[PDB]
Structures are given as C-alpha cells and as structure tokens.
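Below is one structure, written out as structure tokens, with a few remarks after it.
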Amino acid sequence: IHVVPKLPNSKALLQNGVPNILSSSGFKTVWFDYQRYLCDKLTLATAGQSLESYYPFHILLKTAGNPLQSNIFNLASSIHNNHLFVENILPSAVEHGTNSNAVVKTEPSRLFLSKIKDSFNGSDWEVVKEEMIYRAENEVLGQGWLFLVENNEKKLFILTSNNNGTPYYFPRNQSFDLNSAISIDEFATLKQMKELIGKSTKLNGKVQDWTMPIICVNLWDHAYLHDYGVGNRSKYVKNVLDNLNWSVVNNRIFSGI
RNA sequence: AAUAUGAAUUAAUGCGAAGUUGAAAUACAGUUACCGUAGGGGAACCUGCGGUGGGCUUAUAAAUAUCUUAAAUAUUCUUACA
Ligand SMILES: [K+]
Ligand SMILES: [K+]
Ligand SMILES: [K+]
Ligand SMILES: [Mg+2]
Ligand SMILES: [Mg+2]
Ligand SMILES: [Mg+2]
Ligand SMILES: [Mg+2]
Ligand SMILES: [Mg+2]
Ligand SMILES: [Mg+2]
Ligand SMILES: [Mg+2]
C-alpha cells in the first residue's frame with residue numbers, strides 16, 4: 001500500500017496553508033486530498049503485482065517504456081511530481097514544530113546562480129523566472145508541470161510537461177501538444193527522439209537519460225483554481241517562484257564533495 | 001500253539017586301509033540339477049513322461065523444451081522503517 005508521506009509542520013499547514021502561495025483550503029486540495037487520491041488509485045492499480053514494493057519514482061522508470069502501463073505511469077509520475085512541488089514550496093523542511101521557528105530566509109546558492117548565468121547566456125535569476133512564467137502560459141494549455149532541470153552537461157534548462165509528464169525520461173516528457181498544430185522544427189525534435197529510441201538494443205526499447213529536476217511547479221487546477229481562479233495561473237506561478245524553499249532546491253544540485 | 005536256545009542255510013549293512021575302471025555332482029561342471037515313475041546299462045549313471053527352482057526377477061532409455069520493463073529499480077540492508 002502506498003501511503004501519503006507525512007509533511008513537516010503539518011499542523012501549521014492544515015491551519016495557515018503555505019504563506020504567500022496557497023491558503024489552508026488550497027493546500028488541502030493540492031496535497032491532503034489530491035495526494036490521497038493519487039496514492040489510493042496507485043495502490044488499486046499496483047496491489048497484487050510486483051510494482052507494489054517499489055517507490056513511485058522507480059515505478060515510473062520501470063513502466064516508462066510500456067504502452068499499456070501508461071495509467072500506472074501517470075499515477076506514479078503525478079505522485080512523484082506533486083511531492084517535488086510541495087517540497088520546494090514548503091516553509092521549512094526541518095520540523096520546527098516544538099522549536100517554533102519563524103525565521104526561514106533561504107536564498108539561491110552560489111552554485112545555482114553560477115549555473116544560471118552559464119546556461120542562460122548571462123541572464124539573471126529574475127529574468128529566468130520571467131521566461132519560466134512565459135513558458136508555462138504558452139506551452140501548457142491545460143494541466144501540466146513546469147520544471148527547471150539539469151542535464152548530463154551541467155546545463156540548466158526549462159522543461160514543461162503536459163498532464164503527467166516526467167522530467168527524467170525524455171521519451172515521456174510530453175512537452176509537445178499534438179492535439180494542436182506543430183511546426184516543422186517540433187516535428188524534427190519528435191522524429192529525432194524516435195530515432196534515438198530505435199538505436200537502443202535492449203528488448204525493452206529503453207534509453208539512458210540523466211536529466212534531473214531542480215524546481216517543480218504544479219500547473220494543475222488542483223493547485224491554483226481555488227485561490228487564484230481560471231486565468232490567473234501566471235500570478236500563481238510568479239508567487240511560487242518567488243517563495244521557493246532554497247534549502248531544498250540547493251540540495252538538488254550536485255556539488256561533488 | 002507260544003517262548004527261549006542252537007542251527008544247516010541265506011539276506012542287508014558299517015568301518016577300515018587301498019588301488020582299479022570311468023568322470024556322475026559342485027561354475028552355464030562343459031547334455032540345467034533334482035522329485036515321482038518306467039525302461040536300459042561294468043560302474044557311477046543314461047533315456048522317456050510330468051513336476052520343482054533348491055538355475056536364468058541374472059530384470060536398467062527409439063535423445064531432442066518456451067516471450068516483458070538487467071537494474072537511477074533486484075542483488076546491499078543489523079531491531080530500522082513504520
Ligand atoms: K548329468
Ligand atoms: K527322476
Ligand atoms: K528320470
Ligand atoms: Mg560326460
Ligand atoms: Mg561331469
Ligand atoms: Mg551336467
Ligand atoms: Mg539307453
Ligand atoms: Mg525331464
Ligand atoms: Mg546351481
Ligand atoms: Mg536365484
């Protein structure tokens with residue numbers, strides 16, 4: 001059985017929500033309700049099978065290449081992504097419930113701001129945030145996820161997913177919406193991706209992708225509607241990126257010590 | 001008539017030494033042995049008929065074998081997680 005993880009300072013979260021982003025009702029929808037909804041569906045889908053003993057991140061990797069397990073993949077991807085989003089927007093990862101700590105001033109580290117300049121042609125963090133808000137509004141028509149990811153070449157770049165798209169495995173990033181029209185450049189990217197997946201010799205037709213997320217923003221209606229409303233998702237993404245917990249985001253960047 | 005004794009006369013058998021004529025039995029003993037019975041032969045034995053195993057249970061291949069996430073996941077784990 002997959003159970004909803006306990007969050008630090010949960011009593012505060014159920015009373016005052018997440019300050020500057022979500023209210024108490026908004027956080028109950030995104031985490032206490034939706035995370036319960038996802039975990040229960042995952043348990044029903046995976047109970048009695050070998051996947052029941054694996055964590056959601058491992059389930060999505062195991063099932064990423066199986067077309068008829070997409071339902072399990074979607075549930076595992078959503079569960080992992082939601083706790084990636086709830087973790088970097090959380091007031092404090094440490095449990096100051098008995099310490100009553102009200103001073104958590106987290107700021108981008110030097111390694112993060114050095115990789116931002118290197119990967120974005122000298123752009124500042126503030127400018128990159130504006131590009132992230134723009135990318136979300138023009139690339140994610142409906143539900144999806146906004147990620148700041150790091151690849152095998154030490155370069156930070158921006159990835160957007162439609163519905164439950166994993167950042168780890170490029171064949172399942174779901175960054176192109178094929179319901180609408182696509183340019184020849186987008187079709188080239190899809191055609192090149194298909195060729196890479198066909199070069200793999202494995203009988204499971206799986207490739208190696210070492211991309212890892214650094215920041216996760218939930219773009220689903222379960223996270224913003226109640227507090228911002230239809231059409232105000234760009235005001236929601238702005239608040240999230242301005243109130244990130246950088247103790248978690250800094251720890252996601254590999255240092256090598 | 002019985003019992004006992006001796007008895008002309010006559011039958012069976014044991015042991016002892018010790019050669020002779022064969023080689024019947026014990027191994028598939030060189031023809032499986034033996035049981036009952038009959039006939040035959042210097043001698044053991046041979047032959048016929050049925051029976052027995054205390055002789056053959058001593059018994060030992062015409063072969064062909066299959067698909068799900070090989071791993072950022074199993075393989076590690078030291079009373080921890082829950
Ligand atoms: K004889
Ligand atoms: K006889
Ligand atoms: K006879
Ligand atoms: Mg003779
Ligand atoms: Mg003889
Ligand atoms: Mg004989
Ligand atoms: Mg004769
Ligand atoms: Mg006979
Ligand atoms: Mg004999
Ligand atoms: Mg015998």
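Just remember, in the structure tokens the first chain shown is A, the second B, etc., residues are 1-based per chain, and ligands are 1-based in the order shown.
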Exercise for the section: Identify all residues of stretch 6-244 of chain A in helix (DSSP H, G or I) (DSSP on the backbone) and supply them as JSON, numbers by chain. Expected result: {"A": [10, 11, 12, 13, 14, 15, 16, 24, 25, 26, 27, 28, 29, 30, 31, 32, 33, 34, 35, 36, 37, 38, 39, 40, 41, 42, 43, 44, 45, 46, 50, 51, 52, 53, 56, 57, 58, 59, 60, 61, 62, 63, 67, 68, 69, 70, 71, 72, 73, 74, 75, 76, 77, 78, 79, 80, 81, 82, 83, 84, 85, 86, 87, 88, 110, 111, 112, 113, 114, 115, 116, 117, 118, 119, 125, 126, 127, 128, 129, 130, 131, 132, 133, 134, 135, 136, 137, 138, 139, 170, 171, 172, 184, 185, 186, 187, 188, 189, 190, 191, 192, 193, 194, 195, 196, 197, 198, 199, 221, 222, 223, 224, 233, 234, 235, 236, 237, 238, 239, 240, 241, 242]}
Exercise for the section: With a cut-off of 8 Å and counting only C-alpha atoms (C1' of nucleotides), select all residues of chain A in contact with chain B and give the selection as a list in words. Expected result: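 My answer is residues 54, 58, 59, 61, 62, 63, 65, 66 and 204 of chain A.
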Let me see the file: selected residues, C-alpha atoms, as a tab-separated table (two decimals), in the first residue's frame.
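Result saved to again.tsv:
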```
chain	number	residue	atom	x	y	z
A	54	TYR	CA	8.61	-0.07	-5.46
A	58	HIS	CA	11.10	3.65	-9.53
A	59	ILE	CA	7.64	2.63	-10.80
A	61	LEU	CA	11.08	4.39	-14.63
A	62	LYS	CA	10.12	0.71	-14.77
A	63	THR	CA	6.87	1.48	-16.62
A	65	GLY	CA	8.57	2.17	-21.78
A	66	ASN	CA	5.41	0.06	-21.51
A	204	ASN	CA	12.59	-3.17	-23.53
```
Handout entry: Protein and nucleic acid residues within 8 Å of ligand 2 (only C-alpha atoms (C1' of nucleotides) and all ligand atoms) as JSON, numbers by chain
Key = {"B": [34, 35, 36, 37]}
Dump C-alpha atoms (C1' of nucleotides) for the selected residues as a PDB file, in the first residue's frame?
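Contents of part06.pdb, as written:
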```pdb
ATOM      1  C1'   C B  34      16.653 -82.534  -8.594  1.00  0.00           C
ATOM      2  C1'   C B  35      11.384 -85.149  -7.352  1.00  0.00           C
ATOM      3  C1'   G B  36       7.928 -89.165  -8.731  1.00  0.00           C
ATOM      4  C1'   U B  37       7.729 -93.185 -12.013  1.00  0.00           C
TER       5        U B  37
END
```
Handout entry: Distance in Å - atom CA of residue A:216 versus atom CA of residue A:146
Key =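 Spanning atom CA of residue A:216 to atom CA of residue A:146 is a straight-line distance of 6.0 Å.
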Practice task
Give me every strand (DSSP E) residue in stretch 37-230 of chain A, going by DSSP on the backbone, as number ranges by chain.
Solution key: A: 144-150, 156-162, 212-218
Practice task
Using only C-alpha atoms (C1' of nucleotides) and all ligand atoms, find each protein or nucleic acid residue lying at most 9 Å from ligand 6; present the set as a VMD selection string.
Solution key: chain B and resid 24 to 25 29 to 33
Exercise for the section: Please give me, as a count of residues only, the residues lying within 12 Å of ligand 7 when counting only C-alpha atoms (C1' of nucleotides) and all ligand atoms. Expected result: 7
